[PDB]
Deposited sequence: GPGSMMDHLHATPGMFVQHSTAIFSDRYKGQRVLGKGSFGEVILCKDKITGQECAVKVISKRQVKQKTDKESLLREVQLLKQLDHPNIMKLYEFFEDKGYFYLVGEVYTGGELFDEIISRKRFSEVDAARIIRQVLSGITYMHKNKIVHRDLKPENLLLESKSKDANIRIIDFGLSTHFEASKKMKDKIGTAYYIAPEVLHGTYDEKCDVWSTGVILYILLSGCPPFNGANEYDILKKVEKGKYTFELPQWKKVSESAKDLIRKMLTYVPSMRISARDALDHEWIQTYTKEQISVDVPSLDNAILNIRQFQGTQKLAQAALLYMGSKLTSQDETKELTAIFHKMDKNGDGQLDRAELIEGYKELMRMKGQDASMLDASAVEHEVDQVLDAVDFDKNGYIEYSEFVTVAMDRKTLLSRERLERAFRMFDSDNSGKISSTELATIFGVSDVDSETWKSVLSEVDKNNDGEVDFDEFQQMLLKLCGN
């Protein structure tokens, strides 16, 4: 069976672990799905074919309200296609920051759901390993919506990217035993423990100025409840967190046993709002998302440089008599050529080409100046990535000051794991009045200089 025979791409939902996720539609039934597309070239397999197939077959038969539903699996020469249920409520933390109040009852209800899904998967000998807030989606945009955990089982079969754009936020949540190589299902309880700690204080239990500092803290495994925010918190919640963040996994509480914990039992059946926590979470989330957006912007810019020159070279070769004129069918064949080395098949490329032509007001039916088409086709993704970066900038700038401070930049570039000396150097080239702050344009300029421009 061939993936594109059955499904058509509607739009890109976003980038997740191991690949891009595309909102697709069944060509016959009209069923909408979220399809994780894994590039074989970019992502190595840890397991063999037989093991992956069998795992997938198991996953298709599994069903739990807090676990992403998997429907289908396809494989071609270059890609794996993982077809799951699409959820519309977004990421948990993005919903949480929008609330005016948040309590231990809300936290407990969230964690019960996570523990329930984890418990179910563990019974079936499937481990997540890379559990973190962005793997917790909300089923719908309804305020009470169920949490759906994504990416269970994948890290067993695929090697994680070593690129920082893919690694953002991973360090806070990873279990110490995962770092050292001997791990089991208990690693998921640790990660859930870290998440709970963040839910109740707004701060990561294991924090640091960069990835390695964070990992160093995790590996030591020591944390405290000495922040001001922890005075508002019950003893039972801290007791649960202690049991989940127990270093030796055999001594660590299981997911199932955690569901029976006093805290869970008590708070999921009066409590104040954790206002300090909500504020800290807002700041945490904004920082994480800006760092991510920063790396993606730089990556998209590099990709644009690559693709612009490749596309130009493809069309030059095609342009036999060298007058710079190509027809739409040729533009499609060359765009396909670029894709050959989102655009899952020929019809997707036809549409994209048509969208570019309709932007540049070039007639679809005559011969076209390809150099102009190239510019617009690329420029489009350029304008686009810039818009998502800007939005993340505005979001982070909660006071609408229009600026980010040098201290804030340190925090952002730290999470993005950009070398301290390097960004300071680029900051010095842009900030030339010792202002100690940058507006959006300036920030963008820094990122361009941080990706060889």
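- Numbering the deposited sequence from 1, one finds several regions with no C-alpha coordinates, namely 1 to 21, 291 to 295, 368 to 372.
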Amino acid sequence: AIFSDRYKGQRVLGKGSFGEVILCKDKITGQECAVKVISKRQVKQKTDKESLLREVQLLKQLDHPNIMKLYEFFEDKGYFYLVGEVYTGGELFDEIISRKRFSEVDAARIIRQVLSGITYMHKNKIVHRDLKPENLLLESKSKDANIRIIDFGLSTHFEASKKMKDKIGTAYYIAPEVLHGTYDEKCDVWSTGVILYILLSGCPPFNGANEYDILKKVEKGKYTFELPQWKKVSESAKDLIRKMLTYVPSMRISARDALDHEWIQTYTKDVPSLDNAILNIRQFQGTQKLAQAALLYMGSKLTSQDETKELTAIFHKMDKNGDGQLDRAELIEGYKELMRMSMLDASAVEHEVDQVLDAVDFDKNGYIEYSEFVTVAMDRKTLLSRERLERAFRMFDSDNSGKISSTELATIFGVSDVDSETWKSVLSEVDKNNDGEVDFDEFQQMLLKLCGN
From here on, numbers count along this sequence of modelled residues.
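Here the rigid core means the biggest group of C-alpha atoms that line up within 1.5 Å when the two forms are laid on top of each other.
- Using the rigid core as the fitting frame, the root mean square C-alpha deviation in 9 other deposited structures of this protein is greater for 287 to 295 than for the other of 120 to 128 and 287 to 295.
- Taking 134 to 142 and 110 to 118 in turn, the stretch whose Cα atoms are more displaced from the shown form in 9 other deposited structures of this protein following rigid core superposition is 134 to 142.
- The records show that residue 346 is omitted from the coordinate set of at least a third of the other eligible entries of this protein.
- In the record comparison, residue 94 is modelled in each of the other entries of this protein that model the residues flanking it, with no third of them omitting it.
- Relative to one another, 177 to 185 and 299 to 307 have unequal mean CA B-factors, and 299 to 307 is the one with the higher figure.
- Higher average CA B factor: 4 to 12, of the stretches 4 to 12 and 442 to 450.
- The PDB entry gives the largest Cα B-factor of the residues 252, 157, 289, 101 to 101.
- Remark: of 425, 31, 411, 398, 425 shows the highest value [criterion: C-alpha B-factor in the PDB entry].
- Looking at the C-alpha B-factors along this chain, the one for residue 202 belongs to the middle third.
- Sort the chain's modelled residues by C-alpha temperature factor and residue 93 lands in the middle third, per the entry.
- Ranked by Cα temperature factor within the chain, residue 129 sits in the lowest third according to the deposited record.
- Ranked by Cα temperature factor within the chain, residue 26 sits in the lowest third according to the deposited record.
- Among the modelled residues of the chain, residue 256 sits in the lowest third by CA temperature factor in this PDB entry.
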